[PDB]
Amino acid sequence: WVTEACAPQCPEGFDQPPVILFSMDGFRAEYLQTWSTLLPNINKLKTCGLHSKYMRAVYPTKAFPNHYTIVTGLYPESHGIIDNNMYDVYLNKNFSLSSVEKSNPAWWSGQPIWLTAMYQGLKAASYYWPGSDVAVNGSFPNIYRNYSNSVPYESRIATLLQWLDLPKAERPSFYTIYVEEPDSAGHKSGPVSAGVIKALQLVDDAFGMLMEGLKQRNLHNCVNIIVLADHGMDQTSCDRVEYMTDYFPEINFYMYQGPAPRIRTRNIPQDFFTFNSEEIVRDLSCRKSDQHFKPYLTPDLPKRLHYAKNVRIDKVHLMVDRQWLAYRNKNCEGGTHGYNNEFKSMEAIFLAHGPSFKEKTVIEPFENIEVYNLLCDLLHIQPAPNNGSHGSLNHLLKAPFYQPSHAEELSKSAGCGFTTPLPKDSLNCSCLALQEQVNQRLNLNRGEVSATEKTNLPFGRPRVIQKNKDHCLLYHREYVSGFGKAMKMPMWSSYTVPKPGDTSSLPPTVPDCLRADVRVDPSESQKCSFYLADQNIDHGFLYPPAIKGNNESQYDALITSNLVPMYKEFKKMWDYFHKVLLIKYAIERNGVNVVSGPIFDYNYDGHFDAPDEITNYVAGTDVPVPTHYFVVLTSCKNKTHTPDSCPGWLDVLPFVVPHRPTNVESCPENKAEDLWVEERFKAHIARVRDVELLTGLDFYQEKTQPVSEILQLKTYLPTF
């Protein structure tokens, strides 16, 4: 097989192609990029089959949360396996590999692919995989193996080939195989060592034995095989360890040490909830100038991680920097994983071979949450509810099983039509600069509406995937917004900033000028007096008035309908972004389409809040306070075209920045805004899908491109 050239070549009795999910623990993406030519079997798989540049793992980049994510399509917060070592307050039990609690089904939520196949007629076998030797939902796979780490790779392969030799009625359709290397070698001497080369060659021989075994049964061009990894590997040092003794006089708390630390009380279950979590994060925030960790309360963590909605996830969390560790007191010489999933070293491998997959294809990076839906498509079965966007992985398949469709709008735009240029209620807003006939600019004719629809909405208006959401669209010459009547603020604001000429002299925002929007009813509008009573929250502009047109154009944005509740400290970041950063991004991208708006996620479940879920409002008013603010930047991949006139692929840069009363996360004491604002926005980069879930809005529905291709853009995570 290894010396043979590149190839629906299924033998007698094989109607549907069998699926084999192969896991090579700790096989980082860099290992394939650098050492593929030293591994002849994996190199042939890389040459002949399909492979991604890398596969993104889930946070924390550990074995058990990641392996169970691959088979469920769920984030650790949903499937329950948040770590290998965890504690549940309600169960009052400790989960560990050395305990009998590993086999307890109470810890394992969701529906793994073996159960999904079993519940839909198909049979499933497993030769090691976390959860496979556990009775998840009261059921084990048809054939399984109780974990034993030292069983030779040849024996694991031989048993799998023996399972494929079984008669059609007994023979499983889905298979899982797991190997401990090159992870074990990665821990011992780091990712750049002779030990990892020996381990990479060992796993190549294992894969080679499987391919040669399949060739002997004439299944080498029949079986749909996926070769992947749970996470990557990075080098550690004992000179690169942060100690909690340097921040606390005495440690009275329990700490899950390493690259992804969690802090809780020692007195469990009695003090689990009463434990001052907010005190520990405050006691660790901005303590040292060159601090190699950042403390966080789980809802404050970047939204793209989706690591908060689970009782097993302790409120105190530490984000450790690259190649660093965080320990309780004074191993570390070698290598480890568990760090941020965006880190290059934490990136895993993904290779695919078989009749259903495209030949000699290099695909762009994707996330492990998407693998579950693909496994269902290969097995011709219906997936259980998961976090993967069904259809985003169709570009990997020759003939896609599932055809995705646009999300249907549950609420249509109504009202807010122009009637009279004079407002019925001033709403305690004042603009002494006027005299008021600038209100006629808001009265756009059919041609004027069509003109702003083409420029500011090139991919169409974001659809409202919310039932009974009373809203209206507001048209202006420089921007278009979707105003939410119940919350008295816009859900979204779309505008295409053209390529700027000179950075030297840019016009500022017109001060002390604010008026009522004549189109919006006073009862559904915000008042300027609402912000006088509140001392921590001030009014902010969603669309920046001075970004487009002249001084006359600014008046179209100096209205109550463009107002959003903002913390004085957050307003500093927001204003710096729209004044400096956004213009810089517009130069590089040859114009940029901006879609901004508020996010409400008080229960931190990653979904848009229901009115009853909002716990904070503007002092003595029903105007809700947003938890986060989204900024989705869309430009053309080909920089020769502007976002409003682009026929090809799009380039996206979404942000989900937390709306916090302090900027303690940035540690900005005596630091100018050019040193921390960009760093803070970049730290909160998310996918378009993340924004969609948090808002209940669906983007790019009017973009002339297949749904499967738009889903690739919606699941894309920009990396710098």
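Numbers for residues come from their place in the sequence shown, where the first is 1.
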Gap size, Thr3 back to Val2 (deposited sequence, no coordinates): none
Between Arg446 and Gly447, count the deposited residues left without coordinates and pick a bin: none, 1 to 3, 4 to 9, 10 or more. none
As stated in the PDB record, which stretch has the larger average Cα B-factor, 336 to 344 or 251 to 259? 251 to 259
Please compare 92 to 100 with 72 to 80 and say which has the higher mean C-alpha temperature factor in the record. 92 to 100
Per the PDB entry, which option out of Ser645, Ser148, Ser126, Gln111 has the greatest Cα B factor? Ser645
So if I compare the CA B-factors in the entry for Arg312, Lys454, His395, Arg322, which one is the largest? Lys454
Based on the deposited C-alpha B factors for this chain, I'd like to know if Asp601 is in the lowest, middle or highest third. lowest
Chain-relative CA temperature factor third for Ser708: middle
Split the chain's modelled residues into thirds by Cα B-factor; is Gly484 in the lowest, middle or highest one? middle
Looking at the C-alpha B-factor of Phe22, is it in the lowest, middle or highest third of its chain? lowest
Among the chain's modelled residues, which third holds the C-alpha B-factor of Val58? lowest
